Amino acid sequence: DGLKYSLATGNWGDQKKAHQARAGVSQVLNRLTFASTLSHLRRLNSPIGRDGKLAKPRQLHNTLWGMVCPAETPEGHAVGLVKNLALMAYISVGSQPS
Amino acid sequence: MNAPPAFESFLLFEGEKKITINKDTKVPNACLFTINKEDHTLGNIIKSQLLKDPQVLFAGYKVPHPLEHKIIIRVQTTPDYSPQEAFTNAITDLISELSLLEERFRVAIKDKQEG
Amino acid sequence: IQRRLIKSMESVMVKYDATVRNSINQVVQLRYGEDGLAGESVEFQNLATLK
Amino acid sequence: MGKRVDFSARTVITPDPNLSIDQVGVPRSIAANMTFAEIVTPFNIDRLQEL
Amino acid sequence: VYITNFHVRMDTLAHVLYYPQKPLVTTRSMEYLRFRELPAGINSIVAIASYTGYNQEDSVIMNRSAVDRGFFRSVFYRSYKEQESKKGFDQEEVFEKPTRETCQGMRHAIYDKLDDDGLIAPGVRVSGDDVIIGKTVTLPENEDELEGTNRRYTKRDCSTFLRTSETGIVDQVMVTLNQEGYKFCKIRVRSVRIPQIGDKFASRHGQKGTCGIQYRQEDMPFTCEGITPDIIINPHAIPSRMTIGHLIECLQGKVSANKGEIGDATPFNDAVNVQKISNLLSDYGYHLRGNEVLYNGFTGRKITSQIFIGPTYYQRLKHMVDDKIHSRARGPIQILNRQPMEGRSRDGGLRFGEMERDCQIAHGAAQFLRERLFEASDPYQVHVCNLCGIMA
Amino acid sequence: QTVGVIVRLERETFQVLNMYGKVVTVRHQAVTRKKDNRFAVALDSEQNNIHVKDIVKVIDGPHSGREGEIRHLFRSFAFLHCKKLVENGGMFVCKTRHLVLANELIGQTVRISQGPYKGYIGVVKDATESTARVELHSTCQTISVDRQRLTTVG
Amino acid sequence: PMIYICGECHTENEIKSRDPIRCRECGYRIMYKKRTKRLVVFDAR
Amino acid sequence: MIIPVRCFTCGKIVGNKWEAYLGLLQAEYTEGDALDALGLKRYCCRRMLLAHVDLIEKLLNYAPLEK
Amino acid sequence: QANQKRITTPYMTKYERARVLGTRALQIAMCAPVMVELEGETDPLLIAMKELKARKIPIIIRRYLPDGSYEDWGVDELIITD
Amino acid sequence: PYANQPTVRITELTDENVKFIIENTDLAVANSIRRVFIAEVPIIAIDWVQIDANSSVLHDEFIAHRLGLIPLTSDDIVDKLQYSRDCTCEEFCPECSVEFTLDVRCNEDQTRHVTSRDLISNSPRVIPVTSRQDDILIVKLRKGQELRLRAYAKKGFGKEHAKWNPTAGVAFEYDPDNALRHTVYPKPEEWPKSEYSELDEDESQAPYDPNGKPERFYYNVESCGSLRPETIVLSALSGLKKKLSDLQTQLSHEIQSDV
Amino acid sequence: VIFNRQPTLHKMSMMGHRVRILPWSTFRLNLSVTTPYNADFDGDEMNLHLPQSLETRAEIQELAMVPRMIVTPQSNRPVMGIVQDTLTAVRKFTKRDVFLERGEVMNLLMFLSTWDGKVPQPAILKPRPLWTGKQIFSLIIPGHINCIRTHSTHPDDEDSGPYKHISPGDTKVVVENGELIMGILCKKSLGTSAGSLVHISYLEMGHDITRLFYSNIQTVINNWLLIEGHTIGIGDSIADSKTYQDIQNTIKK
Amino acid sequence: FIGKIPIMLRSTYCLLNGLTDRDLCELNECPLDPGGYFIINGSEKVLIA
Amino acid sequence: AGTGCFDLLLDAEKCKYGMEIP
RNA sequence: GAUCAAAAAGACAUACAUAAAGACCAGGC
Ligand SMILES: [Mg+2]
Ligand SMILES: [Zn+2]
Ligand SMILES: [Zn+2]
Ligand SMILES: [Zn+2]
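The notes below deal with the structure included here. (Residues numbered from 1 in each chain as written, not as in the entry; some residues may be left out. Chains lettered and ligands numbered in written order. Part of a larger assembly, values for the part shown. Heavy atoms only, no water. Residues with missing side-chain atoms left out of burial classes, pairs and counts.)

A few points about empty space enclosed by the protein
A volume near 160 Å³ is recorded for the largest cavity. Lining the largest cavity are 16 residues, and of these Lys118(F), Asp47(J), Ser84(J), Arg85(J) and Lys154(J) lie nearest its centre. Of all the secondary structure elements, the ones that give two or more residues to the lining of the largest cavity are β3 (43-54) and β8 (146-156) of chain J. Among the residues making up the lining of the largest cavity, the classes are represented as 6 nonpolar, 2 polar and 8 charged. As a volume, the second largest cavity reaches approximately 130 Å³. Around the second largest cavity sit 15 residues that line it, and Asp58(E), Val60(E), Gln207(E), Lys208(E) and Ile233(E) are the ones nearest its centre. At the level of elements, β14 (200-203), β15 (208-215) and β17 (231-233) of chain E are the ones that each hand at least two residues to the lining of the second largest cavity. In terms of residue count, β14(E) provides more of the lining of the second largest cavity than any other element does, 3 residues in total. Grouping the amino acids of the lining of the second largest cavity by side-chain chemistry returns 7 nonpolar, 5 polar and 3 charged. (1 Å grid on protein atoms, 1.4 Å probe; cavity = no way out; pocket = protein on both sides within 12 Å on 5 of 7 lines; lining within 4 Å. Points joined across faces, edges and corners; volume = space filled by probe spheres on them. Helix = DSSP H or I, 4+ residues; strand = E, 2+ residues; numbered from the N terminus. Nonpolar A, V, L, I, M, F, W, Y, C, P; charged D, E, K, R; others polar.)

Description of the coordination of the zinc ion (ligand 2)
Within the protein, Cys385(E) (SG) and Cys388(E) (SG) serve as the donor atoms for the zinc ion (ligand 2), at 2.3 to 2.4 Å. Look at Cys385(E) and you get partly exposed, because its relative accessible area is 28%. (Donors = N, O, S within 2.8 Å, 3.2 Å for Na, K, Ca; no water. Buried < 20%, exposed > 50% of the residue type's maximum accessible area, 1.4 Å probe, protein only.)

A short note on a negative patch on the surface
Together, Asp200(J), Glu201(J), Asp202(J) and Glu203(J) give the surface a local cluster of negative charge. On the accessibility criterion, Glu203(J) (38% relative accessible area) is partly exposed. (Patch = residues over 30% accessible without salt bridge, like charges linked within 9 Å, V, L, I, M, F, W, Y side chains within 5 Å. Areas by Shrake-Rupley, 256 points an atom, 1.4 Å probe, with all protein chains shown as cover. Salt bridge = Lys/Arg side-chain N within 4 Å of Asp/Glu carboxyl O. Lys, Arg positive; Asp, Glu negative; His and termini not counted. Charge placed at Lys NZ, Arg CZ, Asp CG, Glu CD.)

Brief notes about the sheet that holds strand β1 (residues 7-10) of chain M
With antiparallel pairing, 3 strands are arranged side by side in an open sheet as β2(I)-β1(I)-β1(M). Lying at the two open borders of the sheet, with one neighbouring strand each, are β2 (70-74) of chain I together with β1 of chain M. Within the sheet, the average angular offset between the axes of one strand and its neighbour, ignoring direction, is 30 degrees. Sheet analysis places strand β1 (residues 59-64) of chain I next to β1(M), joined by 4 bridges and oriented antiparallel. The partner of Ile61(I) across the bridge, within β1(M), is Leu8(M). (Pairing = 2+ DSSP bridges. Axes fitted to C-alpha atoms, helices over the stretch in contact; angles between N-to-C directions.)

Structural notes on the packing of aromatic side chains
All chains considered together, the criterion is met by 42 aromatic pairs over all chains. For the pair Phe72(E) and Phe201(E), a centre-to-centre distance of 4.8 Å together with 40 degrees between the ring planes defines the contact as tilted. Here the residue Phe72(E) occupies a position in the loop between α1 (64-67) and β5 (74-83), and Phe201(E) occupies one in strand β14, the gap between them amounting to 129 residues. On the basis of relative accessible area, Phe201(E) is assigned to the buried category, the value being 4%. Grouping aromatic residues by their ring pairs yields a cluster made of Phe105(B), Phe222(E), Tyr295(E), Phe20(J), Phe37(J), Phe172(J), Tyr174(J), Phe217(J) and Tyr219(J). Of note, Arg74(B) hangs over the ring of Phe58(B), and the distance from its end group to the ring centre comes to 4.9 Å. The ring of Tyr70(I) has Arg62(I) sitting right over it, with the charged end atom 4.9 Å from the ring centre. (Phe/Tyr/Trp six-rings, centres within 6.5 Å; stacked < 30°, edge-to-face > 60°. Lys NZ or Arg CZ within 6 Å of the ring centre and 35° of its normal.)

Here it is, written out as structure tokens:
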């Protein structure tokens, strides 16, 4: 019931600590078009609060060449804080440095 | 849910007169015809037949709005020629044109087949 | 900012003396705009005596 | 300061150039809900008994 | 078409489109997005011209004879679910067709459409407020009622209704058990949504706009060959927005309707120029810049300026006018504030807010603003003592 | 079948003056609150229209000679109040003729048999004396049709 | 009383209110509602 | 889903030319030669057969509600 | 104040002519006597607008000066802007 | 002050196609002819559809959609049928409509194509057009699926719904080499020449003709297969002259009534 | 009705309107009206508030009607002006080149609502009668309204030298006695700016005569544009093969 | 037995791993369906990086 | 505000004139 | 001995009050 809870609601952490806990992980997957799914399954979320008017985290950065799509991004308060992934880009799963 | 019926364009319900004739007070010998449930097919034929009549000073139509189907035809003729006479002679002259065209198209068909 | 400018000025009004006065009757202006003329009917013009 | 109101309607807009400046197209189903209370007189009682 | 198994899936809010088409000018990486398998859109012949003025701003004029043949004609599935349960000791919920005499809370919606088990069979049209699932709850107050003889109403009606102003035919109904083991039922209502003059279309280049009006194939400007644009978009869209790749797609795809090959739009080539396209377009007998001579549809006469036509790939958007429309007159009212409800599904009222009441201090209309914040919304009366000022 | 007016409050019971003029004792929950029809109209003994709030004289029956205010009306009965009457808190009941002023179609599936909509199948949402509202199965819309046009199917 | 269709073996079984939902000859718990008898009439529009 | 009857723009019938058009492709015609054998002159019709996407073959893989 | 010494614009401000044609049309709309000959008018706003151009409306406007005093202008004494 | 007398020359005549050339006519009369080739030529096309059992992967009104658009052979009895609204009888008779029947079930393991050849009509005259060239495909069936329905076809014309258009694209062209200057080319040399052009390859445009007005209106009228293309035209003229003979009537009743 | 769009930035974003009931599902409003509300038609929505009494309905009618709010107190300019195709068509309609035959005048005059009934005498009487766009547009201009503006392309060397009033390029606009004598109209004359041909109407004539002024320009120049049409095409985004060399040799430089 | 872990679809531990096209249809799954989401209480959840 | 700044009074002397049908 | 009544159009008997709040999430202009 503990996992099934925090995947279901999206408040990510303990339920009583949900105030401290991060929110907005695990949205319901989007069924509009087949290509509204592929860009939901591949997505990147900046934890920064949506409210802030600071424009430095939003701006497109040269290090995003080839690993993040320059054009694709939501608008409204979320501009540039949410980012799709480029086609070839492959996130690394990790290993042991033994 | 508000889409109007498809048949509402060419069908008259109870009480709508096809034609409505209203004199025009701006001008002498000017009349203004109002045709319900018609469109540019019918209005354009007549206007262009009225302008051949040398006793017709002005003729024109307009669809006031495309979503409601009616035509409004102003006609102004010279004195001692009534704008209702102008608009009837127009309609009988098309009928005498189109009856000549349907007969000439039937002759060209028989000529065309095996000839 | 649009909300702050309104709440501060909201009640200023041209009284029948034509003196502009806020909600307390305190005088903001002796005549509106100092010429006492509504702003929608004015136009641009050259003086032509000047310069 | 502001509150939800009755006798209001909201829908998309699309151009009709055939209108005047001050007219507006109002669809029939948005115009069927919204009502205007009208006081009966000897003048309009003929029209309102039909409505 | 979102997934190919959609006939099996039960999802709330599933749009689908009768006739998708893979584009005629297609990026070479769409093959790996599987966009030939599940295309969302239809090609359309697109004039760019100012025609009757109804396509001004971002609007679009459409061909109504096209829309009668299945063009952008889609299906909207909506899915409901209701869960029988056992809550109180004596309190049970059951799926059953309610009777006016035994059941208590009832509405005048037709209950004759429910079967013996209280579920609409599929293939039965239902409009807003028709009763999809009859569900009665046994009223435990009968136990709370002491010596009340046999109470006329033992059962309260919890039945679920179609969302208001949602019309449709019940497509599929299914009856299963949930986690707990209670009976559980999902119901899929669908309705076919024909593109109206409110709906919202957009190309691939960022040109979005509603439908301005629908002219029949008669009234549309036609080429010398009798081709009439399915869709006409305003030319003023282009200059300040500067989507030129919209102008080359109409160009690249007119060579790819003629040659029979599906053009290559992939972003960086140097092998495709506007100049190397046009030389291919001049060989099929067209003006190489794509302009084409049109005749007015109403009056028959040519249009002086040559008009730019080509096949272009448009998308129909989840946003339709039937779901955005709302009207409010003296409906439900909030419990605490005694003000109108919030939201479109609730028959709720629109908000008259701050910025608006500051515009009508500007107009100097005091009696529209007192009526808008008092009479139209909750009016109310209090009795106030004169000595103290408090209520009495 | 029986209505009454509460004329005394007790801890567990009411005393109720029933429509026949008898006072009965009932437990608070043994009676249901009835929606009063403040716009009821009836005829008095001289065929005048009488209404709630009217002052009437009683000219026949047990209370002949009394005067009262109409408080409630139901079928052939009137509950009246007179403050001079100490019995039953002033309430009493008189026949109105003893006083003087001082749908089946809905739900059916019908086929439109005439007019521009001829042939469409639908189901009646509302029936009227004149024009029923048919709910079209073919498209999404509801239309008003004269009831001479409709034809019920099965 | 009520005929339902199994979602696995596709065999119509007759099962009635206040019964657990299991199709005979499978054991599969998902039943479908068949289709209504009454007249549906469409425009070809 | 399935090929439209009645090409959208002009209104000619492309409904019956699909199963004849798959035949020509398996005979090693090029889509330019295929669409000319089928006799579709205008590019309003040539984009119905050329840009079509046939999902009725995918949807027939799933098994029906009733055996 | 006295009929002498009134200090206010003689013209009718567009706020006064908006509430005069409203208040007058509400009276006409309830059985109220009409000062002017009405010809083919079933609409009260058109009647009240007609009474105004003829200066027949029976209303006196009480203008509060900002210092607490007031002046009483009849709708005939004022000069109609439009 | 009187009607001009036009003339007709039929150039190509086939079973799909008619090219004729109308001369000595107004631009407005020549248009309103082709504008009647779409709308007002009556035709027979399915309208009322009743679906008994549909197990196909296509939902009910998606098949009822494709059936409408199927062309039906209208060659003759369109003259005989009456519009269903004017027809006096209750529901549908032999006089206002035609009955079709489709009973199709897939027994075999192979995928069955329901084709318009499976529409079965009560009358030999009107059938699907392909039955008079592969057959229109209504839907495909996996084994076990069954589609049976009953459909009454009516008389109507192309203003109502586009499924009554008797015609495919109706071409129209006049003044192919540009004398009248109704369209003004910025560069005259870049434009291809019309099939009907009278000009040598050397010069781009005809020289400006000040007095002229458009004549020689070139048509190409291509049928959908319902009506043979020769009788799409005869039905348009006879159907425009009947709307103009409905005016002269109801105008005459008003001039006589008003006066 | 009163008619709104959020956010309401100034007071032109709530203006009273006059209902006309039309089919389908969307509110419909003139295109000049899309300037104040700052609303383009792509999925927009606008509220509608129907005033409920004759006493509050006579406030809207004499205060907030759209013909009253034409001129803004903010910048003392008109709010609403000719917008989109019509402002492109006006210019193309007003050049010296435009000559309307007798058949195309009969249609345009039919859309003038203020037209006084008299067909004006053609500018070119013989060999064939031809009206001019400046000659028909001068029936639109209401009353006797008078203006001098200048066209956007107006060269600065022109006012100084010879040909001040002959104006070789037809840039300088003159309107004398409600008749358009010379010049091409544009944003600087029909548009919204201080002193535009629209702003002189509301000031000199009145709010009523200037309501029929917008509705005439839009109806008679939208139903004219069906003859000329307008477009953007790739041929219009392309330069000479000689210009492509001058654009590079500047970049390499 | 300590508990139950929600399983991403078409991972190595789903029942759909390694199945071909024909088998994904008998199980009524779309072969084009990318996978990589969870089924929690029937809804389809996507962990967002 | 505007429309609320002043107060309307009914003139009793003027109502006595004019031809009044209703 | 005299006398010997049938249940009066039901109007959600009306507010359709299912419209938990509360929250996060997604999108629109
Ligand atoms: Mg916008
Ligand atoms: Zn007190
Ligand atoms: Zn089973
Ligand atoms: Zn085509």
